[PDB]
>>> print(open('structure_30.pdb').read())   # PDB, C-alpha atoms
ATOM      1  CA  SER A   1      92.141  87.116  88.442  1.00  0.00           C
ATOM      2  CA  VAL A   2      95.711  86.825  87.177  1.00  0.00           C
ATOM      3  CA  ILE A   3      94.863  88.477  83.837  1.00  0.00           C
ATOM      4  CA  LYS A   4      95.244  92.191  83.318  1.00  0.00           C
ATOM      5  CA  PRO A   5      94.085  93.819  80.044  1.00  0.00           C
ATOM      6  CA  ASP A   6      97.792  94.433  79.405  1.00  0.00           C
ATOM      7  CA  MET A   7     100.071  91.387  79.515  1.00  0.00           C
ATOM      8  CA  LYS A   8     103.682  90.627  78.692  1.00  0.00           C
ATOM      9  CA  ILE A   9     105.288  87.793  76.729  1.00  0.00           C
ATOM     10  CA  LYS A  10     108.724  86.195  76.950  1.00  0.00           C
ATOM     11  CA  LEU A  11     109.737  83.131  74.894  1.00  0.00           C
ATOM     12  CA  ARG A  12     112.489  80.845  73.662  1.00  0.00           C
ATOM     13  CA  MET A  13     112.187  78.428  70.730  1.00  0.00           C
ATOM     14  CA  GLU A  14     114.615  75.591  70.038  1.00  0.00           C
ATOM     15  CA  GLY A  15     114.352  73.655  66.835  1.00  0.00           C
ATOM     16  CA  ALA A  16     115.619  72.271  63.556  1.00  0.00           C
ATOM     17  CA  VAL A  17     114.513  72.173  59.958  1.00  0.00           C
ATOM     18  CA  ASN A  18     115.835  69.365  57.777  1.00  0.00           C
ATOM     19  CA  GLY A  19     118.309  68.524  60.543  1.00  0.00           C
ATOM     20  CA  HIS A  20     119.725  72.059  60.737  1.00  0.00           C
ATOM     21  CA  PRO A  21     119.367  73.531  64.250  1.00  0.00           C
ATOM     22  CA  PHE A  22     118.513  77.100  65.284  1.00  0.00           C
ATOM     23  CA  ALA A  23     117.189  79.088  68.234  1.00  0.00           C
ATOM     24  CA  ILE A  24     115.092  82.233  68.489  1.00  0.00           C
ATOM     25  CA  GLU A  25     113.955  84.205  71.477  1.00  0.00           C
ATOM     26  CA  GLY A  26     111.260  86.793  71.778  1.00  0.00           C
ATOM     27  CA  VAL A  27     109.808  89.568  73.865  1.00  0.00           C
ATOM     28  CA  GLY A  28     106.409  91.154  73.378  1.00  0.00           C
ATOM     29  CA  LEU A  29     103.055  92.261  74.733  1.00  0.00           C
ATOM     30  CA  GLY A  30      99.352  91.877  74.082  1.00  0.00           C
ATOM     31  CA  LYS A  31      95.796  92.504  75.228  1.00  0.00           C
ATOM     32  CA  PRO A  32      94.150  89.131  76.007  1.00  0.00           C
ATOM     33  CA  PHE A  33      90.611  90.558  76.141  1.00  0.00           C
ATOM     34  CA  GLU A  34      90.974  92.388  72.818  1.00  0.00           C
ATOM     35  CA  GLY A  35      92.588  89.340  71.176  1.00  0.00           C
ATOM     36  CA  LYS A  36      95.618  91.333  70.001  1.00  0.00           C
ATOM     37  CA  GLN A  37      99.362  90.817  70.472  1.00  0.00           C
ATOM     38  CA  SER A  38     102.788  91.694  69.057  1.00  0.00           C
ATOM     39  CA  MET A  39     106.376  90.714  69.701  1.00  0.00           C
ATOM     40  CA  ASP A  40     109.939  91.203  68.489  1.00  0.00           C
ATOM     41  CA  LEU A  41     111.900  88.052  67.701  1.00  0.00           C
ATOM     42  CA  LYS A  42     115.670  87.709  67.346  1.00  0.00           C
ATOM     43  CA  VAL A  43     117.456  84.713  65.851  1.00  0.00           C
ATOM     44  CA  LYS A  44     120.219  83.645  68.256  1.00  0.00           C
ATOM     45  CA  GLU A  45     121.569  80.445  66.610  1.00  0.00           C
ATOM     46  CA  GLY A  46     121.444  78.995  63.107  1.00  0.00           C
ATOM     47  CA  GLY A  47     121.156  82.347  61.361  1.00  0.00           C
ATOM     48  CA  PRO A  48     120.614  83.476  58.835  1.00  0.00           C
ATOM     49  CA  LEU A  49     117.663  81.051  58.588  1.00  0.00           C
ATOM     50  CA  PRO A  50     117.848  79.060  55.298  1.00  0.00           C
ATOM     51  CA  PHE A  51     114.037  78.557  55.225  1.00  0.00           C
ATOM     52  CA  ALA A  52     110.824  80.627  55.088  1.00  0.00           C
ATOM     53  CA  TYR A  53     110.224  82.310  58.476  1.00  0.00           C
ATOM     54  CA  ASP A  54     106.498  81.957  57.864  1.00  0.00           C
ATOM     55  CA  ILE A  55     106.560  78.314  58.987  1.00  0.00           C
ATOM     56  CA  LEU A  56     107.428  79.495  62.500  1.00  0.00           C
ATOM     57  CA  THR A  57     105.084  82.344  63.140  1.00  0.00           C
ATOM     58  CA  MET A  58     102.091  80.332  64.272  1.00  0.00           C
ATOM     59  CA  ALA A  59     104.266  78.591  66.881  1.00  0.00           C
ATOM     60  CA  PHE A  60     105.076  82.082  68.253  1.00  0.00           C
ATOM     61  CA  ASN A  61      98.968  81.218  72.732  1.00  0.00           C
ATOM     62  CA  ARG A  62      95.184  81.130  72.516  1.00  0.00           C
ATOM     63  CA  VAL A  63      94.957  83.328  75.609  1.00  0.00           C
ATOM     64  CA  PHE A  64      95.276  86.077  73.022  1.00  0.00           C
ATOM     65  CA  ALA A  65      91.877  85.668  71.390  1.00  0.00           C
ATOM     66  CA  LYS A  66      88.671  87.609  72.025  1.00  0.00           C
ATOM     67  CA  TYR A  67      86.084  85.226  73.518  1.00  0.00           C
ATOM     68  CA  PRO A  68      82.387  86.258  73.561  1.00  0.00           C
ATOM     69  CA  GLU A  69      80.445  85.615  76.779  1.00  0.00           C
ATOM     70  CA  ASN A  70      78.491  82.658  75.320  1.00  0.00           C
ATOM     71  CA  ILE A  71      81.576  80.585  74.488  1.00  0.00           C
ATOM     72  CA  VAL A  72      83.677  78.835  77.132  1.00  0.00           C
ATOM     73  CA  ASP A  73      87.239  80.256  77.366  1.00  0.00           C
ATOM     74  CA  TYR A  74      89.439  77.213  78.116  1.00  0.00           C
ATOM     75  CA  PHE A  75      92.607  79.315  77.877  1.00  0.00           C
ATOM     76  CA  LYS A  76      92.070  82.227  80.285  1.00  0.00           C
ATOM     77  CA  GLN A  77      90.556  79.708  82.767  1.00  0.00           C
ATOM     78  CA  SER A  78      93.768  77.629  82.768  1.00  0.00           C
ATOM     79  CA  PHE A  79      95.842  80.214  84.668  1.00  0.00           C
ATOM     80  CA  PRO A  80      97.653  80.792  86.950  1.00  0.00           C
ATOM     81  CA  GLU A  81      98.785  77.164  86.408  1.00  0.00           C
ATOM     82  CA  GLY A  82      98.901  77.465  82.618  1.00  0.00           C
ATOM     83  CA  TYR A  83      98.516  74.883  79.841  1.00  0.00           C
ATOM     84  CA  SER A  84     100.451  73.349  76.986  1.00  0.00           C
ATOM     85  CA  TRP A  85     100.055  72.412  73.354  1.00  0.00           C
ATOM     86  CA  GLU A  86     101.308  69.836  70.828  1.00  0.00           C
ATOM     87  CA  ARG A  87     100.886  70.444  67.116  1.00  0.00           C
ATOM     88  CA  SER A  88     101.492  68.778  63.767  1.00  0.00           C
ATOM     89  CA  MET A  89     101.632  70.580  60.453  1.00  0.00           C
ATOM     90  CA  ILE A  90     101.489  68.707  57.150  1.00  0.00           C
ATOM     91  CA  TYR A  91     102.350  70.761  54.050  1.00  0.00           C
ATOM     92  CA  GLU A  92     100.995  69.570  50.668  1.00  0.00           C
ATOM     93  CA  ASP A  93     104.482  68.844  49.308  1.00  0.00           C
ATOM     94  CA  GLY A  94     105.331  66.478  52.169  1.00  0.00           C
ATOM     95  CA  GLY A  95     107.267  68.796  54.491  1.00  0.00           C
ATOM     96  CA  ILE A  96     106.103  68.002  58.047  1.00  0.00           C
ATOM     97  CA  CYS A  97     106.478  70.097  61.172  1.00  0.00           C
ATOM     98  CA  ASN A  98     106.000  69.286  64.850  1.00  0.00           C
ATOM     99  CA  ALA A  99     105.949  71.719  67.683  1.00  0.00           C
ATOM    100  CA  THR A 100     105.137  71.926  71.348  1.00  0.00           C
ATOM    101  CA  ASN A 101     104.729  74.826  73.710  1.00  0.00           C
ATOM    102  CA  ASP A 102     104.710  74.936  77.482  1.00  0.00           C
ATOM    103  CA  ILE A 103     103.099  78.102  78.813  1.00  0.00           C
ATOM    104  CA  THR A 104     103.661  79.388  82.353  1.00  0.00           C
ATOM    105  CA  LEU A 105     102.756  82.739  83.950  1.00  0.00           C
ATOM    106  CA  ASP A 106     105.152  84.860  86.058  1.00  0.00           C
ATOM    107  CA  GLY A 107     103.423  87.958  87.459  1.00  0.00           C
ATOM    108  CA  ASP A 108     102.067  89.638  84.341  1.00  0.00           C
ATOM    109  CA  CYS A 109     104.386  87.875  81.881  1.00  0.00           C
ATOM    110  CA  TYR A 110     103.468  84.745  79.936  1.00  0.00           C
ATOM    111  CA  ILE A 111     106.506  82.581  79.359  1.00  0.00           C
ATOM    112  CA  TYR A 112     106.904  80.135  76.503  1.00  0.00           C
ATOM    113  CA  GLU A 113     109.250  77.194  76.105  1.00  0.00           C
ATOM    114  CA  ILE A 114     108.877  76.082  72.473  1.00  0.00           C
ATOM    115  CA  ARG A 115     110.250  73.125  70.492  1.00  0.00           C
ATOM    116  CA  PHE A 116     109.984  73.080  66.679  1.00  0.00           C
ATOM    117  CA  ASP A 117     111.044  70.354  64.205  1.00  0.00           C
ATOM    118  CA  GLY A 118     110.479  70.310  60.453  1.00  0.00           C
ATOM    119  CA  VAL A 119     111.578  67.593  58.015  1.00  0.00           C
ATOM    120  CA  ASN A 120     111.290  66.536  54.356  1.00  0.00           C
ATOM    121  CA  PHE A 121     111.110  70.042  52.908  1.00  0.00           C
ATOM    122  CA  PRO A 122     112.255  69.707  49.256  1.00  0.00           C
ATOM    123  CA  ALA A 123     115.196  71.957  48.286  1.00  0.00           C
ATOM    124  CA  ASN A 124     113.206  73.262  45.313  1.00  0.00           C
ATOM    125  CA  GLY A 125     110.098  73.918  47.429  1.00  0.00           C
ATOM    126  CA  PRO A 126     108.665  77.306  48.391  1.00  0.00           C
ATOM    127  CA  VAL A 127     109.870  76.815  51.972  1.00  0.00           C
ATOM    128  CA  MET A 128     113.583  76.196  51.366  1.00  0.00           C
ATOM    129  CA  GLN A 129     113.574  78.728  48.469  1.00  0.00           C
ATOM    130  CA  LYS A 130     111.873  81.356  50.715  1.00  0.00           C
ATOM    131  CA  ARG A 131     109.049  82.027  48.250  1.00  0.00           C
ATOM    132  CA  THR A 132     106.254  82.617  50.788  1.00  0.00           C
ATOM    133  CA  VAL A 133     104.496  85.994  51.235  1.00  0.00           C
ATOM    134  CA  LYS A 134     101.918  85.710  54.054  1.00  0.00           C
ATOM    135  CA  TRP A 135      99.334  83.490  55.753  1.00  0.00           C
ATOM    136  CA  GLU A 136      95.764  84.067  54.547  1.00  0.00           C
ATOM    137  CA  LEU A 137      93.153  84.538  57.306  1.00  0.00           C
ATOM    138  CA  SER A 138      92.953  81.215  59.138  1.00  0.00           C
ATOM    139  CA  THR A 139      89.802  79.650  60.555  1.00  0.00           C
ATOM    140  CA  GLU A 140      90.596  77.279  63.437  1.00  0.00           C
ATOM    141  CA  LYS A 141      87.937  74.719  64.401  1.00  0.00           C
ATOM    142  CA  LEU A 142      87.898  73.535  68.014  1.00  0.00           C
ATOM    143  CA  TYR A 143      86.291  70.445  69.522  1.00  0.00           C
ATOM    144  CA  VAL A 144      86.702  68.089  72.521  1.00  0.00           C
ATOM    145  CA  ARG A 145      87.871  64.452  72.270  1.00  0.00           C
ATOM    146  CA  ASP A 146      88.270  62.137  75.314  1.00  0.00           C
ATOM    147  CA  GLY A 147      88.226  65.090  77.748  1.00  0.00           C
ATOM    148  CA  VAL A 148      90.893  67.029  75.840  1.00  0.00           C
ATOM    149  CA  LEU A 149      90.559  70.184  73.761  1.00  0.00           C
ATOM    150  CA  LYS A 150      91.716  69.770  70.124  1.00  0.00           C
ATOM    151  CA  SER A 151      91.777  71.881  66.927  1.00  0.00           C
ATOM    152  CA  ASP A 152      91.879  71.419  63.115  1.00  0.00           C
ATOM    153  CA  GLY A 153      92.704  73.952  60.431  1.00  0.00           C
ATOM    154  CA  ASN A 154      93.281  73.998  56.678  1.00  0.00           C
ATOM    155  CA  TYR A 155      95.600  76.976  56.180  1.00  0.00           C
ATOM    156  CA  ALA A 156      97.334  78.478  53.181  1.00  0.00           C
ATOM    157  CA  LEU A 157     100.417  80.585  52.491  1.00  0.00           C
ATOM    158  CA  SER A 158     100.292  82.990  49.556  1.00  0.00           C
ATOM    159  CA  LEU A 159     103.205  82.532  47.145  1.00  0.00           C
ATOM    160  CA  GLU A 160     105.562  84.857  45.268  1.00  0.00           C
ATOM    161  CA  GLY A 161     104.072  85.375  41.826  1.00  0.00           C
ATOM    162  CA  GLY A 162     100.642  84.007  42.651  1.00  0.00           C
ATOM    163  CA  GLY A 163      99.017  80.828  43.928  1.00  0.00           C
ATOM    164  CA  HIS A 164      98.882  79.237  47.374  1.00  0.00           C
ATOM    165  CA  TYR A 165     100.794  76.604  49.365  1.00  0.00           C
ATOM    166  CA  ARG A 166      98.562  74.508  51.632  1.00  0.00           C
ATOM    167  CA  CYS A 167      99.119  73.117  55.136  1.00  0.00           C
ATOM    168  CA  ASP A 168      96.993  71.084  57.577  1.00  0.00           C
ATOM    169  CA  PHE A 169      97.276  71.972  61.294  1.00  0.00           C
ATOM    170  CA  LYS A 170      96.317  69.657  64.175  1.00  0.00           C
ATOM    171  CA  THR A 171      96.704  70.916  67.713  1.00  0.00           C
ATOM    172  CA  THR A 172      96.097  69.350  71.143  1.00  0.00           C
ATOM    173  CA  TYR A 173      95.574  71.672  74.153  1.00  0.00           C
ATOM    174  CA  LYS A 174      96.096  70.601  77.768  1.00  0.00           C
ATOM    175  CA  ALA A 175      95.374  72.768  80.826  1.00  0.00           C
ATOM    176  CA  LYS A 176      97.565  71.870  83.815  1.00  0.00           C
ATOM    177  CA  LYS A 177      94.512  71.720  86.071  1.00  0.00           C
ATOM    178  CA  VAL A 178      90.976  70.562  85.254  1.00  0.00           C
ATOM    179  CA  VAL A 179      89.016  73.362  83.563  1.00  0.00           C
ATOM    180  CA  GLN A 180      85.472  73.631  82.165  1.00  0.00           C
ATOM    181  CA  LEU A 181      85.584  72.460  78.553  1.00  0.00           C
ATOM    182  CA  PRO A 182      84.146  74.399  75.626  1.00  0.00           C
ATOM    183  CA  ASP A 183      81.551  73.310  73.077  1.00  0.00           C
ATOM    184  CA  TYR A 184      82.479  73.256  69.374  1.00  0.00           C
ATOM    185  CA  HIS A 185      83.606  76.678  68.109  1.00  0.00           C
ATOM    186  CA  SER A 186      85.731  78.633  65.619  1.00  0.00           C
ATOM    187  CA  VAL A 187      88.605  81.066  65.925  1.00  0.00           C
ATOM    188  CA  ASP A 188      89.567  83.420  63.115  1.00  0.00           C
ATOM    189  CA  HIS A 189      93.231  84.400  63.053  1.00  0.00           C
ATOM    190  CA  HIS A 190      95.053  87.234  61.366  1.00  0.00           C
ATOM    191  CA  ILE A 191      98.835  86.869  61.644  1.00  0.00           C
ATOM    192  CA  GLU A 192     101.344  89.239  60.100  1.00  0.00           C
ATOM    193  CA  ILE A 193     105.068  89.978  59.982  1.00  0.00           C
ATOM    194  CA  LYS A 194     104.857  93.790  60.037  1.00  0.00           C
ATOM    195  CA  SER A 195     108.591  94.422  59.631  1.00  0.00           C
ATOM    196  CA  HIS A 196     111.863  92.474  59.473  1.00  0.00           C
ATOM    197  CA  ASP A 197     115.498  93.015  58.486  1.00  0.00           C
ATOM    198  CA  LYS A 198     116.778  91.492  55.258  1.00  0.00           C
ATOM    199  CA  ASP A 199     117.855  88.096  56.613  1.00  0.00           C
ATOM    200  CA  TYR A 200     114.998  87.878  59.172  1.00  0.00           C
ATOM    201  CA  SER A 201     117.365  87.963  62.190  1.00  0.00           C
ATOM    202  CA  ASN A 202     114.941  90.515  63.589  1.00  0.00           C
ATOM    203  CA  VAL A 203     111.193  90.205  63.115  1.00  0.00           C
ATOM    204  CA  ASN A 204     108.214  92.124  64.460  1.00  0.00           C
ATOM    205  CA  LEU A 205     105.171  89.836  64.556  1.00  0.00           C
ATOM    206  CA  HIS A 206     101.440  90.632  65.060  1.00  0.00           C
ATOM    207  CA  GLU A 207      98.341  88.486  65.559  1.00  0.00           C
ATOM    208  CA  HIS A 208      94.667  89.213  66.068  1.00  0.00           C
ATOM    209  CA  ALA A 209      92.101  86.499  66.933  1.00  0.00           C
ATOM    210  CA  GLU A 210      88.363  86.235  67.611  1.00  0.00           C
ATOM    211  CA  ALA A 211      86.220  83.271  68.649  1.00  0.00           C
ATOM    212  CA  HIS A 212      82.769  82.734  67.069  1.00  0.00           C
ATOM    213  CA  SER A 213      79.945  80.140  66.978  1.00  0.00           C
TER     214      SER A 213
END
>>> encode(input="structure_30.pdb", output="structure tokens")
Amino acid sequence: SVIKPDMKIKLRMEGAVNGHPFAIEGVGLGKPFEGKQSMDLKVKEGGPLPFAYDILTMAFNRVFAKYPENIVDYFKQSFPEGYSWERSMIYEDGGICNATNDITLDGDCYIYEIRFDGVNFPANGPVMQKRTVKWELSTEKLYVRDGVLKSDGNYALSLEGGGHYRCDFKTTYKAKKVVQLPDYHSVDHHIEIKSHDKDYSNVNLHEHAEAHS
């Protein structure tokens, strides 16, 4: 109804990591029915970022995931009004991140207002020492609890010179109107920084997602 196969994205993130503030904004586009998207992100404050960019990328919209006919699509159903999400991320070395996103739609452009806050990242850790390479394929598990859609995920960042750095994601999704709620299902994610400048001021980000059951 308000979804075309080609959709635009505009966003601003405000946040802090270990009490050091920053701000990034982004512009991009995707194909909601194909579950593909890409965007260019520029750091506007707090640059150059003194931490691994990788902790941000997942904050940078489940509308962009291919849903099969036999699984309820909570996200596409939530427009034109939109929906929002809250999320906690607990890394195995005690660094903890919180984020929220409020998603509105203007014509054919999704608009994000994002808050991000990380704390307790050790100075000698892979995050503050920028030793991360990429997120491995992520399997997100979705279920309903007290009339709200929620998700769990056990993700992992590959590290410079081998090994992995683990993080547990917990997300709550809230449509702004009442929408049909899905049954239990999975979403596979591929997320990738395809190109960036040396200090990550500019970053070109890609994601591809498919739901399964």
>>> closest_residue(input="structure_30.pdb", among="A:65, A:178, A:59, A:114", to="residue 102 (chain A)", atoms="only C-alpha atoms")
A:114
>>> resolve_selection(input="structure_30.pdb", expression="the PyMOL selection byres ((chain A and resi 138) around 8)", output="mmCIF file with C-alpha atoms, in the frame of the given file")
data_model
loop_
_atom_site.group_PDB
_atom_site.id
_atom_site.type_symbol
_atom_site.label_atom_id
_atom_site.label_comp_id
_atom_site.auth_asym_id
_atom_site.auth_seq_id
_atom_site.Cartn_x
_atom_site.Cartn_y
_atom_site.Cartn_z
ATOM 1 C CA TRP A 135 99.334 83.490 55.753
ATOM 2 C CA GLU A 136 95.764 84.067 54.547
ATOM 3 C CA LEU A 137 93.153 84.538 57.306
ATOM 4 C CA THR A 139 89.802 79.650 60.555
ATOM 5 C CA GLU A 140 90.596 77.279 63.437
ATOM 6 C CA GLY A 153 92.704 73.952 60.431
ATOM 7 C CA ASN A 154 93.281 73.998 56.678
ATOM 8 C CA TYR A 155 95.600 76.976 56.180
ATOM 9 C CA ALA A 156 97.334 78.478 53.181
ATOM 10 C CA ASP A 188 89.567 83.420 63.115
ATOM 11 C CA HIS A 189 93.231 84.400 63.053
ATOM 12 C CA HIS A 190 95.053 87.234 61.366
#
>>> closest_residue(input="structure_30.pdb", among="A:159, A:128, A:191, A:99", to="residue 171 (chain A)", atoms="only C-alpha atoms")
A:99
>>> closest_residue(input="structure_30.pdb", among="A:192, A:210, A:45, A:73", to="residue 134 (chain A)", atoms="all atoms listed in the file")
A:192
>>> closest_residue(input="structure_30.pdb", among="A:124, A:193, A:77, A:199", to="residue 57 (chain A)", atoms="only C-alpha atoms")
A:193
>>> resolve_selection(input="structure_30.pdb", expression="the PyMOL selection byres ((chain A and resi 87) around 8)", output="ChimeraX atom specification")
/A:85-86,88-89,98-100,169-172
>>> residues_around(input="structure_30.pdb", residues="region 5-7 of chain A", least_positions_apart="5", cutoff="9 Å", atoms="all atoms listed in the file", output="VMD selection string")
chain A and resid 28 to 34 108 to 110
>>> write_last_selection(input="structure_30.pdb", atoms="C-alpha atoms", output="short mmCIF file (atom, residue, chain, number, x, y, z; two decimals), in the frame of the given file")
data_model
loop_
_atom_site.label_atom_id
_atom_site.label_comp_id
_atom_site.auth_asym_id
_atom_site.auth_seq_id
_atom_site.Cartn_x
_atom_site.Cartn_y
_atom_site.Cartn_z
CA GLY A 28 106.41 91.15 73.38
CA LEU A 29 103.06 92.26 74.73
CA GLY A 30 99.35 91.88 74.08
CA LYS A 31 95.80 92.50 75.23
CA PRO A 32 94.15 89.13 76.01
CA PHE A 33 90.61 90.56 76.14
CA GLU A 34 90.97 92.39 72.82
CA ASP A 108 102.07 89.64 84.34
CA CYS A 109 104.39 87.88 81.88
CA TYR A 110 103.47 84.74 79.94
#
>>> resolve_selection(input="structure_30.pdb", expression="the PyMOL selection byres ((chain A and resi 1) around 12)", output="compact mmCIF listing (two decimals) with C-alpha atoms, keeping the file's coordinate frame")
# COMPACT_ATOMS: atom_id res chain seq x y z
CA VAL A 2 95.71 86.82 87.18
CA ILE A 3 94.86 88.48 83.84
CA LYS A 4 95.24 92.19 83.32
CA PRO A 5 94.08 93.82 80.04
CA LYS A 76 92.07 82.23 80.28
CA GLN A 77 90.56 79.71 82.77
CA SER A 78 93.77 77.63 82.77
CA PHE A 79 95.84 80.21 84.67
CA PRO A 80 97.65 80.79 86.95
CA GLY A 107 103.42 87.96 87.46
CA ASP A 108 102.07 89.64 84.34
>>> closest_residue(input="structure_30.pdb", among="A:127, A:111, A:16, A:203", to="residue 81 (chain A)", atoms="only C-alpha atoms")
A:111
>>> residues_around(input="structure_30.pdb", residues="residue 26 (chain A)", least_positions_apart="4", cutoff="6 Å", atoms="all atoms listed in the file", output="CSV table (one decimal) with C-alpha atoms, keeping the file's coordinate frame")
chain,number,residue,atom,x,y,z
A,10,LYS,CA,108.7,86.2,77.0
A,11,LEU,CA,109.7,83.1,74.9
A,40,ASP,CA,109.9,91.2,68.5
A,41,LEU,CA,111.9,88.1,67.7
>>> closest_residue(input="structure_30.pdb", among="A:46, A:162, A:118, A:182", to="residue 133 (chain A)", atoms="only C-alpha atoms")
A:162
>>> atom_distance(input="structure_30.pdb", atom1="CA of residue 126 (chain A)", atom2="CA of residue 93 (chain A)")
9.5 Å
>>> atom_distance(input="structure_30.pdb", atom1="CA of residue 145 (chain A)", atom2="CA of residue 92 (chain A)")
25.8 Å
>>> atom_distance(input="structure_30.pdb", atom1="CA of residue 96 (chain A)", atom2="CA of residue 205 (chain A)")
22.8 Å
>>> residues_around(input="structure_30.pdb", residues="residue 24 (chain A)", least_positions_apart="3", cutoff="8 Å", atoms="all atoms listed in the file", output="list in words")
residues 12, 13, 14, 41, 42, 43, 44 and 45 of chain A
>>> write_last_selection(input="structure_30.pdb", atoms="C-alpha atoms", output="PDB file, keeping the file's coordinate frame")
ATOM      1  CA  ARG A  12     112.489  80.845  73.662  1.00  0.00           C
ATOM      2  CA  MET A  13     112.187  78.428  70.730  1.00  0.00           C
ATOM      3  CA  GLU A  14     114.615  75.591  70.038  1.00  0.00           C
ATOM      4  CA  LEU A  41     111.900  88.052  67.701  1.00  0.00           C
ATOM      5  CA  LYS A  42     115.670  87.709  67.346  1.00  0.00           C
ATOM      6  CA  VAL A  43     117.456  84.713  65.851  1.00  0.00           C
ATOM      7  CA  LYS A  44     120.219  83.645  68.256  1.00  0.00           C
ATOM      8  CA  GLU A  45     121.569  80.445  66.610  1.00  0.00           C
TER       9      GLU A  45
END
>>> residues_near_point(input="structure_30.pdb", point="(114.2, 69.8, 53.9)", cutoff="8 Å", atoms="only C-alpha atoms", output="MDAnalysis selection string")
chainID A and resid 17:19 95 118:123 128
>>> residues_around(input="structure_30.pdb", residues="residue 212 (chain A)", least_positions_apart="5", cutoff="12 Å", atoms="all atoms listed in the file", output="MDAnalysis selection string")
chainID A and resid 65:73 139:142 183:189
>>> write_last_selection(input="structure_30.pdb", atoms="C-alpha atoms", output="PDB file, keeping the file's coordinate frame")
ATOM      1  CA  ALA A  65      91.877  85.668  71.390  1.00  0.00           C
ATOM      2  CA  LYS A  66      88.671  87.609  72.025  1.00  0.00           C
ATOM      3  CA  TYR A  67      86.084  85.226  73.518  1.00  0.00           C
ATOM      4  CA  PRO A  68      82.387  86.258  73.561  1.00  0.00           C
ATOM      5  CA  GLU A  69      80.445  85.615  76.779  1.00  0.00           C
ATOM      6  CA  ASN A  70      78.491  82.658  75.320  1.00  0.00           C
ATOM      7  CA  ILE A  71      81.576  80.585  74.488  1.00  0.00           C
ATOM      8  CA  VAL A  72      83.677  78.835  77.132  1.00  0.00           C
ATOM      9  CA  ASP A  73      87.239  80.256  77.366  1.00  0.00           C
ATOM     10  CA  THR A 139      89.802  79.650  60.555  1.00  0.00           C
ATOM     11  CA  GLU A 140      90.596  77.279  63.437  1.00  0.00           C
ATOM     12  CA  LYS A 141      87.937  74.719  64.401  1.00  0.00           C
ATOM     13  CA  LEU A 142      87.898  73.535  68.014  1.00  0.00           C
ATOM     14  CA  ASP A 183      81.551  73.310  73.077  1.00  0.00           C
ATOM     15  CA  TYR A 184      82.479  73.256  69.374  1.00  0.00           C
ATOM     16  CA  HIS A 185      83.606  76.678  68.109  1.00  0.00           C
ATOM     17  CA  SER A 186      85.731  78.633  65.619  1.00  0.00           C
ATOM     18  CA  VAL A 187      88.605  81.066  65.925  1.00  0.00           C
ATOM     19  CA  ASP A 188      89.567  83.420  63.115  1.00  0.00           C
ATOM     20  CA  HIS A 189      93.231  84.400  63.053  1.00  0.00           C
TER      21      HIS A 189
END
>>> axis_aligned_box(input="structure_30.pdb", around="region 165-182 of chain A", padding_each_side="3 Å", output="AutoDock Vina command-line options")
--center_x 92.5 --center_y 73.0 --center_z 67.7 --size_x 22.6 --size_y 13.3 --size_z 42.7
>>> decode(input="structure_30.pdb", residues="region 62-70 of chain A", atoms="N, CA, C and O atoms", output="short mmCIF file (atom, residue, chain, number, x, y, z; two decimals), in the first residue's frame")
data_model
loop_
_atom_site.label_atom_id
_atom_site.label_comp_id
_atom_site.auth_asym_id
_atom_site.auth_seq_id
_atom_site.Cartn_x
_atom_site.Cartn_y
_atom_site.Cartn_z
N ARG A 62 13.61 -4.05 10.21
CA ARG A 62 13.24 -5.38 9.71
C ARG A 62 12.30 -5.33 8.51
O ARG A 62 11.98 -6.37 7.93
N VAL A 63 11.87 -4.13 8.13
CA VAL A 63 11.12 -4.00 6.88
C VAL A 63 11.94 -4.58 5.74
O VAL A 63 11.39 -5.16 4.79
N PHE A 64 13.26 -4.45 5.86
CA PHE A 64 14.16 -4.96 4.84
C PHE A 64 14.56 -6.41 5.11
O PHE A 64 15.71 -6.73 5.40
N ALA A 65 13.57 -7.30 5.02
CA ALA A 65 13.81 -8.73 5.10
C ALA A 65 12.77 -9.44 4.26
O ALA A 65 11.59 -9.08 4.30
N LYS A 66 13.19 -10.44 3.49
CA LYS A 66 12.26 -11.16 2.63
C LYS A 66 11.37 -12.12 3.43
O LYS A 66 11.84 -13.16 3.91
N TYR A 67 10.10 -11.78 3.58
CA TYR A 67 9.15 -12.70 4.22
C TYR A 67 8.39 -13.60 3.22
O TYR A 67 7.75 -13.10 2.29
N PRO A 68 8.46 -14.92 3.42
CA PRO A 68 7.63 -15.87 2.68
C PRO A 68 6.16 -15.68 3.01
O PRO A 68 5.84 -15.10 4.06
N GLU A 69 5.28 -16.16 2.14
CA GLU A 69 3.84 -15.97 2.31
C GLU A 69 3.28 -16.60 3.59
O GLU A 69 2.33 -16.06 4.17
N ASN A 70 3.87 -17.71 4.03
CA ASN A 70 3.36 -18.44 5.20
C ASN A 70 3.87 -17.95 6.54
O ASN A 70 3.66 -18.62 7.55
#
